[PDB]
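To start, the structure itself, in structure tokens.
Each answer follows from the model by the rule given with it, or from the source it names; nothing here is a laboratory result. Positions of Cβ are backbone-derived with ideal geometry, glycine not excepted, and every protein chain shown enters the neighbour counts.
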Amino acid sequence: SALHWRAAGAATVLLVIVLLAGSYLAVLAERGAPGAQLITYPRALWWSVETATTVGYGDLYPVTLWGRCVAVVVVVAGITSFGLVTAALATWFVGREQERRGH
Amino acid sequence: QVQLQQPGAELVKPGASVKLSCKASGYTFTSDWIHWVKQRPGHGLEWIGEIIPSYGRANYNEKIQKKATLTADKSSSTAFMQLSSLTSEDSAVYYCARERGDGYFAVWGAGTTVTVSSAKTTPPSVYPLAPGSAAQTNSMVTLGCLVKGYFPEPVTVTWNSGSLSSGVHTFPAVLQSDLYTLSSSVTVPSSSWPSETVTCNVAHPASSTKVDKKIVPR
Amino acid sequence: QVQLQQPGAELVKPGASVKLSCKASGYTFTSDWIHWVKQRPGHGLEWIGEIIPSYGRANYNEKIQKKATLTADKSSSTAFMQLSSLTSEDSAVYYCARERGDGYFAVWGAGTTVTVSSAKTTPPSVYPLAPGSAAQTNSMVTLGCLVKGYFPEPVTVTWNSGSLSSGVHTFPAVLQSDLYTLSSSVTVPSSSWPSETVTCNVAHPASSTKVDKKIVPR
Amino acid sequence: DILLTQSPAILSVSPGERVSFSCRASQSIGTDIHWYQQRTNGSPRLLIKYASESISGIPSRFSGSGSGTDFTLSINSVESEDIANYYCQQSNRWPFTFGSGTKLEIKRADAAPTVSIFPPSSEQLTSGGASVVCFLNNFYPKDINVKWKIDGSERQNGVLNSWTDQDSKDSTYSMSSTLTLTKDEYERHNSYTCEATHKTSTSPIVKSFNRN
Ligand SMILES: [K+]
Ligand SMILES: [K+]
Ligand SMILES: [K+]
């Protein structure tokens, strides 16, 4: 269908991939750093979801450079993807409002 | 079946350097980490380090002098640990374990007994042990076998290729002039012997020797 | 009115298994949780587990051997607790409480005295206790009644169907050869007796028996 | 690093009782603790993961509880097969660490040893040596003495002993005394004997044999 709905879909699939890759890379970057908690996959995945949604619980976060880099990619992909949906919903509303104006 | 396989023993001269192996089997995920744990006689478990095969990245327990180096052959699903410049302090059983990236070691290898010594590998001498003709017998009879003069540890003593498990005691070896000696005992109903043959199998890894010795009345 | 109702007692043989009940009434929300607390003689309160009726989901105190199982009949608003394979350790008073999902137990049941014993249920023998003709009297008089030879605990002693509360003492039972015995006392103005009848009601749950015994002068 | 303290180091329980192993972490770690069992000369075996999750293949009598810094591994009605060392391990923070471990010890009923003396091997003598072996099997308490007497006279030179840990089959102990001397020394004596002195009998148990 329309570009905005495809982009939304694409963004979602992409986000889910970043989430998974992010979980795997966080563990890899963090293991080896004393005091690190982002070291098992199940919670790292919870961490990536937390991060991508910016929910801010603060129960887990990276302590290494590479882990922080992985964090930036994840949050940014999350902010962007959700902003994309917002933009897609606006395109939907703007298009329907034009119709409701018989023009 | 055995998911992790390690050679039973390795003998190393001071200053020398051995490479232990760990062949894995069963489900293999990319998220799997292989750990190595050190257990000195009497003492407890000490984490050495870890490695993730699907990347070759390894981490080490930095609280202890670093004597290890980990690598992994993705092809043959084998983990390797390079220990270098060993001393008496480095003699112990080294286990390897598999962790599915979720924090616990679901399965461990049988462990490799690394002995750092200048001595020479010496296979054991297995001598039977049957009662004397003067000793009476109760509802049960006690037989045994003397695994003597071997080096280095360990030795795995079994009875009837594992068939006999109930009634078996294998004592801890003892060192007397760079050569170990121990004795294993087995007890069966007095009636069942010697009609039902009784044999002691003795495998000694350091010299790749496994020998039998049937126990017949004197 | 009584929001939680539990049977006063249950007798269980070692290894046996009883199912205690808790009938609720009053405001009933979907968010309500029913808890069960165990109190061994002398000791304090011990949380056993919980259940949410509007879902049937239950949780247990995992720090203690799990001997309970909770279920709930949404229709009759009744909570059930299945205790199995009991021992002397499991004998105690089991309370049930209602929690509005906000952390505290607003209301508790009267509790069920579970006694694990091989013994046999024995109703009590109520004997009156009036002064002797030789004993003088002050501004008050002391009467009583002997609830004797019952099993298992407990027994609820009241005076004049609850009408008399001031001046009453019921002593703790005592066990002598698998049979309990206790005595309750009551004190009224010496003038008020025996013109104003004085009676002791004795309910004994384990045998579903409640009996009266008026106290008349000898 | 996270310190995992396991105290007491040894637990003495009676057969059938309920035992509780303790594990205290130096800082809060949720429920990220795991319990392993290691029998004499065997390798570690996972018993409980994440503080309280049962593992498949483990007796239902094993369980764990706790969260934060205090953890407990419990065994309802212990039994000989449970005799071993128990370690806790944490995966909350890097690196993973292990507690120092606690040995479970069962206090069973007393039992007198089962002595058995053995003359050297025919094929042994050939090599130029002789070893007289004596077994003190399945006794309890673990305290026991073994005395060697060659031709009526108490011997002490050339006698090595060895003691097994508490057996995981019957909660008992066993010991092996071995008198070793050249074929000559051996060939120059008549009767060899072993006397086991043990709490179960004021009079020592004895077993002998004559070289001819
Ligand atoms: K936010
Ligand atoms: K926060
Ligand atoms: K926003």
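Restricting the range A:23-65 to residues that are within 16 Å of ligand 1 (Cβ to nearest atom), in a helix (DSSP H, G or I) and of a type outside the set (A, V, I, L, M), which is surrounded by the fewest Cβ atoms within 10 Å (Cβ to Cβ)? That would be A:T53. Of the residues in the range D:75-86, not one is closer than 25 Å to B:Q39 by Cα, out of contact with any helix residue (DSSP H, G or I) (no Cβ under 6 Å at 6 or more places or on another chain), surrounded by fewer than 19 Cβ atoms within 10 Å (Cβ to Cβ) and within 14 Å of chain C (Cβ to nearest Cβ).
For D:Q124, the conditions (1) within 8 Å of another protein chain (Cβ to nearest Cβ); (2) surrounded by fewer than 20 Cβ atoms within 10 Å (Cβ to Cβ); (3) outside any loop (DSSP other than H, G, I, E, B) are fulfilled apart from (2). For the range A:51-67, the set of residues classified as within 17 Å of A:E30 (Cα to Cα) and within 12 Å of ligand 2 (Cβ to nearest atom) consists of A:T51, A:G58, A:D59, A:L60, A:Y61, listed by residue number.
Total residues in the range C:91-100 satisfying the condition of being of a type outside the set (K, R) and over 16 Å from C:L70 (Cβ atoms): the figure is 3. Taking the range D:1-46 and the strands (runs of 3 or more DSSP E) fully enclosed by it, the elements with 3 or more residues that are in contact (Cβ under 8 Å) with a residue 12 or more places away in the chain and away from every other protein chain (no Cβ under 12 Å) are at D:10-13, D:19-25. Condition first: of a type in the set (S, T, N, Q), within 29 Å of C:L175 (Cα to Cα) and crowded, with 16+ Cβ neighbours inside 10 Å. Can you find one or more residues in the range C:90-108 that meet it? Yes, some residue in the range C:90-108 is of a type in the set (S, T, N, Q), within 29 Å of C:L175 (Cα to Cα) and crowded, with 16+ Cβ neighbours inside 10 Å.
Scanning the range D:112-121 for residues that are buried (at least 18 other Cβ atoms within 10 Å of the Cβ) and among the small types (G, A, S) yields a total of 2.
Does the range B:115-136 include one or more residues that are under 15 Å from the mean Cα position of the chain (by Cα), of a type in the set (G, A, S) and not in a strand (DSSP E or B)? No. Taking the range B:139-197 as the range and being of a type in the set (F, W, Y) and either assigned to a helix (DSSP H, G or I) or within 9 Å of another protein chain (Cβ to nearest Cβ) (or both) as the test, only B:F171 passes. For the range C:29-47, check the following and say yes or no: at least one residue is surrounded by fewer than 17 Cβ atoms within 10 Å (Cβ to Cβ), within 25 Å of D:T72 (Cβ to Cβ), of a type in the set (A, V, I, L, M) and not assigned by CATH to the domain that holds C:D178. Yes, the range C:29-47 contains a residue that is surrounded by fewer than 17 Cβ atoms within 10 Å (Cβ to Cβ), within 25 Å of D:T72 (Cβ to Cβ), of a type in the set (A, V, I, L, M) and not assigned by CATH to the domain that holds C:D178. Of all the numbered requirements in (1) more than 30 Å from D:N137 (Cβ to Cβ); (2) without any contact (Cβ under 8 Å) to a residue 40 or more places away in the chain, B:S125 misses one, and that requirement is (1). Residues of the range A:68-93 that are of a type in the set (G, A, S) and within 16 Å of ligand 2 (Cβ to nearest atom): A:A71, A:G78. Tallying residues that are in contact with a strand residue (DSSP E or B) (Cβ under 6 Å, 6 or more places away or on another chain), under 30 Å from D:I10 (Cβ atoms), free of Cβ contacts under 8 Å to residues at least 60 places away in the same chain and away from chain A (no Cβ under 14 Å) within the range B:31-82 yields 4.
Taking the residues in the range A:68-78 that are under 12 Å from A:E30 (Cβ atoms) and more than 14 Å from ligand 1 (Cβ to nearest atom) as candidates, determine which candidate is nearest to the other protein chains (Cβ to nearest Cβ). So, considering only residues that are under 12 Å from A:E30 (Cβ atoms) and more than 14 Å from ligand 1 (Cβ to nearest atom), the one nearest to the other protein chains (Cβ to nearest Cβ) is A:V70.
Has the range B:83-99 got any residue that is part of a strand (DSSP E or B), more than 10 Å from chain D (Cβ to nearest Cβ) and of a type in the set (D, E, K, R)? Yes; the residues of the range B:83-99 include at least one that is part of a strand (DSSP E or B), more than 10 Å from chain D (Cβ to nearest Cβ) and of a type in the set (D, E, K, R). Of everything in the range A:61-89 that is of a type in the set (S, T, N, Q) and without any contact (Cβ under 8 Å) to a residue 40 or more places away in the chain, the residue that is nearest to ligand 3 (Cβ to nearest atom) is A:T86.
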